[PDB]
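This report concerns only the one structure given below.
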Amino acid sequence: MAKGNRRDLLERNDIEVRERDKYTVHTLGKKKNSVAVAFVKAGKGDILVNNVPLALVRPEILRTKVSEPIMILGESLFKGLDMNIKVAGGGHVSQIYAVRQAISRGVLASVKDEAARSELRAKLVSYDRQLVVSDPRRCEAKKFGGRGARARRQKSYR
Amino acid sequence: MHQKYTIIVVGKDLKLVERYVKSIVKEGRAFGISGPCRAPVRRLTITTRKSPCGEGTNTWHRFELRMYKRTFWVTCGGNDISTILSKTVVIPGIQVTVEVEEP
Amino acid sequence: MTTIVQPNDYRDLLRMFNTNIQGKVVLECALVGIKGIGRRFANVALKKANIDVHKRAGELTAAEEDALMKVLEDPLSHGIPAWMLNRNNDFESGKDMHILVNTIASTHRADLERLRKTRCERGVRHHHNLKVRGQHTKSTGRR
Amino acid sequence: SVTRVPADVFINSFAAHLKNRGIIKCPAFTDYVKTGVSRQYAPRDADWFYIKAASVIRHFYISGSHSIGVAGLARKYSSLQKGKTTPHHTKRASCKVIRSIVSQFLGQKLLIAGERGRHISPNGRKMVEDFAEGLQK
Amino acid sequence: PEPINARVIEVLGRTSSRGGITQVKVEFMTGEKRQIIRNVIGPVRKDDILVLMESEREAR
Amino acid sequence: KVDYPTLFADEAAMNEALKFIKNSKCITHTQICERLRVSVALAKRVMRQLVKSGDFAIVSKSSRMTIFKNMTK
Amino acid sequence: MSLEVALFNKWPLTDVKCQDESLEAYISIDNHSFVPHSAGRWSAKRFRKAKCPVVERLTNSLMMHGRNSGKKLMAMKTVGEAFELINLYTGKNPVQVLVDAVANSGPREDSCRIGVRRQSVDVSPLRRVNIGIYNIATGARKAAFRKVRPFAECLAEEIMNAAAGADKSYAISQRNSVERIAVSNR
RNA sequence: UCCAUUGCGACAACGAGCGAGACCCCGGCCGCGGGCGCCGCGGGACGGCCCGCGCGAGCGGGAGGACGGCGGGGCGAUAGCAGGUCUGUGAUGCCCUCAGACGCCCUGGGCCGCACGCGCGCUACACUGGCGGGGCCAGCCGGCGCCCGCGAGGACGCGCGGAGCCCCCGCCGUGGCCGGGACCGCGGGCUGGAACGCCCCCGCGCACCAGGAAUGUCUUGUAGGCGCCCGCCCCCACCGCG
């Protein structure tokens, strides 16, 4: 239902103010019509999605996909960070991929050191480059000649 | 005195509708008139066959007319009806750039 | 259900209303073979009759069988809604009943006879073999 | 709370408890209903009412101070109508059962009346969270 | 008789109508080093390994 | 063309049906259906009984398919 | 290494290799996501699909016919069940079995009307592996149609029979027929 | 040489122009400003860098980058057709009709009528499935509460709000069967002055076991599958634009 670019979602005004400030880092990730917003604060370590524990997100079979940014690296740094992700857009899979992208970008920023940041960048991008850089391709239009983007209505030459 | 008045600008052309606001904000330099909310564009759409008789390959015209609009409800009662007229005179005269004031 | 070995009373081939039901299919759907009895009127009928609807047809027993017979001839006297009967109303009785295989032939037949004598439009299209409802016949269903 | 446990277990356990405690009591018209024009046949299970009620109460708890209309819940139980030699079209569920369920809940003060519709009363939130923690272990 | 696998070297381009077939100048990386010719279907590129069932065949 | 009983009359349900598998390690409702020459639901119920007995265990349960193993061998 | 990408979290991917040198570098059996899914736009290049994980290719062909076009998660589940069955029967790591099945299939000679006096030409490795995959998928699909047994059982049976080299399999039969008819035209 | 009379280099030719390009709308990255509602102004990508060639324009490979080599649309040259349109118009020449009217209006009927031939489509022939319960996310954009009724619908009162596929648990078990829903019989409602129009319920349950000669369309968010809004509209979408 949510567009993804609403001012409310982008600024995460849903959270109460006194807890809004404690989140410092801001991150973003998207795939196709899906926008995921992540706020980070250092802590004992934990993740959330749309007010849900990270484990119990229901593509089920894609749990490893939502958690790849973690098991790729060590849990050492993920231990000291806590996230409150909020996602909205089109399709379960798109939301999944956007979420993992946001996780990667957010963890990358919080390192606070540029050299180790570059080292993590090299490690992560070696694996699936589309964990940091976004995916560009997007749905295209349809022309009146046919009933699809490229397909045309069947023609009878006789 | 104070009226919680509103300013609304409605038009089709992006050029004038964007230049006119700049003059308005100039005129409201000291009366506190501030940023305008820019509403989503109301892209009206119409389609029609290009052939009056419907011969040949079926083709379609696609005309659309957008309706940009901006709102300067900032004044509210911050200004008096005395210079609300002054608000409406120093502004430039654009041929088509409809506007209306309500409290 | 919860049955592996067959009942000692297992009736392998049931019979009712001149129709025979094989005793290896689930109960609710096997009864559908009766003309005038579908699913909706099945699961409702049994339940009012205190019968398990997921047990094989071969496992029921006379007492259950006859109990189902009763609700199946005088149903309105058992709570079933009046909007559920196949014949929601009758022309001469003026009441609401449910008719079955034995007397479902004389329900479109005698209906037709009424149409004929009155010389209605609907009856004529039934005699020359034409569609009855507003239907295009220029190119539809060519024989 | 509830949000850290999947809906599959929570719904069934709360349904069993709701039947045991005698909170909701299935009426007579639960014998011969199809639950929505979209469907074709009737529910196979013998206690669908209580599952439905538990899903509804969870829905109300998740919505917080927002208010949900009887029809608003009916669009979340919509299905697809098939068997018509034409493209399938979506349809809404039934509203009478939902109405009876909310009436039964409100008669127990677990559901406060708002300006439009209703929302979860504080004691209802208490109960939902209590069962959630009780089954969390 | 045994089909011996070949190492590809230099490709002389398509040599057919409708495309599809491509020419090649393979050689035996089995230590033989016999720069012979052969014809190949589908995509192909340098360093490709091919299994010839005719140890001795020609085309041009 | 092929007709399968939905329940064993007697004996069949222990002399063999509960024994043919015993001389097996892996199985599935369809494997036995084609093997034992009977319907599927019978295999489902019988496998329930067997797992309750404890001899047969599960490896990958799902709604569509549930492979079993002969732990007691 | 820092991480060991175990497929489905049950079978290690470390010790796997195809003995055949013909297409060793054309079978990507090193880099595999923990699950067969991936959105990467493989084949955008020309030879890009050469590195795509083999299992992903395998699942991308089980949704061929129009009734199943676009359903990938079902295919992941199907492949999981198939791997359970294969490990159950044979007892060795399924991925090795899959690579053997792909290797044995894949013709080594074909008949084309070069330049119909069809002649016998050799075949590129990539076509070999693609054809092996396609033949396996279609052979499993054919049997399961209008038949009691499920798709996954057919898939497993096909893979075991192929890796066994038995001509009983559909794919091996097809390969033998093609090779022989090509020899006819040499 | 270029997808291109797009370019390099010659020549009784010299010098210009139109079309092509440039151009306008949309989308991907970044910045500023403002902000009820994400919407206004700008940067950025240019065969630019490296390596091969080629005088040459330009071709092949590798990088770095949101994007790499015409990303999708709009515009559309000269000349021409007895192509369509007098039934789109206060656009029209000449004919025909003009007080028993081809003028305008009213009541009915018809344009749907059916032994048959085919053109664009829709539903299926099932286990990669059908039924029941549950969980859940879109965009062009968008209106809701209470109470009766099985449902379609109905009486009130106010401004408030989004789905199929899919995933999970069970039943069915290769039987034209729980696949299929054409056709037909009672009944309950809506629009309208007026049902021949449209919805819902019970019942009956046609062909159809993957379709010959022949033939059509398609290269990335593409085919295919899945659904959702607008158009004409008192009611109705298997259609068309999206």
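Quick notes
- In summary, the stretch C:9-81 shows an alpha-carbon radius of gyration equal to 1.02 times the 2.2 N^0.38 Å reference for compact globular proteins.
- Sites F:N23 and B:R29 - FRET efficiency at Förster radius 56 Å, r taken between beta-carbons, to 0.05: 0.05
- Top of B:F72, B:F31, B:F63 by mean-square fluctuation, Gaussian network on chain B, Cα under 10 Å: B:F63
- Cα centroid separation, the stretch G:59-99 to the stretch A:48-83: 27 Å.
- The relative contact order of chain B comes to 51 percent, based on Cα pairs under 8 Å that sit 6 or more residues apart.
- Translational diffusion of chain G, µm² s⁻¹ [Kirkwood Rh, Cα pairs; Stokes-Einstein; 4 °C; 1.567 mPa s]: 74
- Segment E:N5..E:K46, full-extension length gain: 13.3 nm, with 0.36 nm per residue of separation and the alpha-carbon distance subtracted.
- Length, then width, then depth: along the principal axes, the Cα atoms of the stretch A:17-104 run 31, 30, 19 Å.
- Averaged over peptide C:1-8, the number of partner chain Cβ atoms lying within 10 Å of each residue's Cβ comes to 5.
- Ordering G:126-133, A:52-59 by mean Cβ neighbour count within 10 Å, with the highest value first, yields G:126-133, A:52-59.
- For D:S78, the residues whose modelled amide H falls within less than 5 Å of its own, excluding neighbours fewer than 5 places apart on the same chain, are D:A93.
- Estimated FRET transfer efficiency (B:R62, A:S156; beta-carbon r; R0 35 Å; 0.05): 0.85
- Projecting the Cα positions of C:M16, G:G106, D:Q81 onto the charge dipole of the protein assembly as shown (unit charges on Cβ atoms of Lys, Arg, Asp and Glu, taken about the Cα centre) puts D:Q81 furthest along the positive direction.
- For the stretch D:47-98, the calculated P(r) over all alpha carbon pairs, in 5 Å bins from 0 to the bin holding the longest distance, is 4, 17, 23, 21, 15, 10, 6, 3, 1 percent.
- Alpha carbon convex hull of the stretch B:4-99, projected area averaged over orientations, nm²: 7.9
- On the basis of the beta-carbon distance and an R0 of 22 Å, E:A59 and G:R180 show a calculated FRET efficiency of 0.55.
- Using distinct alpha-carbon pairs, which all enter the 1/r mean, Kirkwood radius of the stretch G:1-110 in Å: 15.2
- Charge dipole (Cα centre; +1 on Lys/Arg Cβ, -1 on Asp/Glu Cβ; no other charges) of the protein assembly as shown amounts to roughly 3620 debye.
- Kirkwood estimate for the protein assembly as shown, i.e. one over the average of 1/r between Cα atoms, Å: 35.6
- Dipole magnitude of the stretch B:4-99 about its Cα centre (Cβ charges: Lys, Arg +1; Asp, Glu -1), debye to nearest 20: 260
- Placing a label point 7 Å from the Cα of C:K35 along the Cα-to-Cβ direction, the residues of the stretch C:108-134 whose backbone N falls under 19 Å from that point are C:108-114.
- If you wrap the stretch A:24-158 in the convex hull of its Cα atoms and look at it from every side, the mean projected area works out to 11.1 nm².
- Report summary: the helix-based calculation at 222 nm, which adds -39500 (n - 2.57) for every DSSP H run with n ≥ 4 and divides by the residues of the protein assembly as shown, gives -9500 deg cm²/dmol.
- Each peptide in C:109-118, A:147-156, G:73-82 receives the mean, over its residues, of other Cβ atoms within 10 Å, and ordering these scores from highest gives G:73-82, C:109-118, A:147-156.
- Relative packing of peptides G:92-102, C:82-92 - highest average C-beta neighbours within 10 Å first: G:92-102, C:82-92
- Convex hull volume of chain D per residue (C-alpha atoms, cubic angstrom): 125
- Largest first and in whole Å, the equivalent-ellipsoid semi-axes of the stretch E:2-60 read 19, 11, 10, each the square root of five times a Cα gyration tensor eigenvalue.
- Projecting the Cα positions of B:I8, B:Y68, B:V89 onto the charge dipole of chain B (unit charges on Cβ atoms of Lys, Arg, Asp and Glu, taken about the Cα centre) puts B:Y68 furthest along the positive direction.
- Cα gyration tensor category, rounded, prolate or oblate, for chain F with a/c compared to 1.5: oblate
- Placing unit charges on each Cβ (+1 for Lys and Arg, -1 for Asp and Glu) gives the stretch C:82-141 a dipole about its Cα centre, and among C:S139, C:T103, C:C120 the Cα reaching farthest toward its positive end belongs to C:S139.
- With a simple spin-label model that places each label point 7 Å from the Cα along the Cα-to-Cβ direction, the separation between C:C120 and C:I104 comes to 2.2 nm.
- Averaged over the residues of E:47-53, the number of partner chain Cβ atoms lying within 10 Å of the residue Cβ comes to 6.
- Shielding of peptide C:33-44 by partners, expressed as the average count of other chain Cβ atoms within 10 Å per residue Cβ, is 2.
- Inter-label distance for B:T45 and A:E11, nm, one decimal - labels placed 7 Å from Cα along Cα-to-Cβ: 3.1
- Mean Cα-pair separation over length for the stretch C:10-103, i.e. relative contact order, pairs under 8 Å, 6 or more apart, %: 26
- For the pair D:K91 and A:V132, label points projected 7 Å from Cα toward Cβ lie 5.5 nm apart.
- Mean shadow area of the stretch C:82-141, taken as a quarter of the surface of its Cα convex hull (nm²): 5.9
- For chain A, size of Cβ-based charge dipole, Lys and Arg +1, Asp and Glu -1, in debye: 1500
FYI, it's all coordinate maths here, none of it is from the lab. Positions of Cβ are generated from backbone atoms using ideal geometry, with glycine treated the same way; all protein chains shown enter the neighbour counts.
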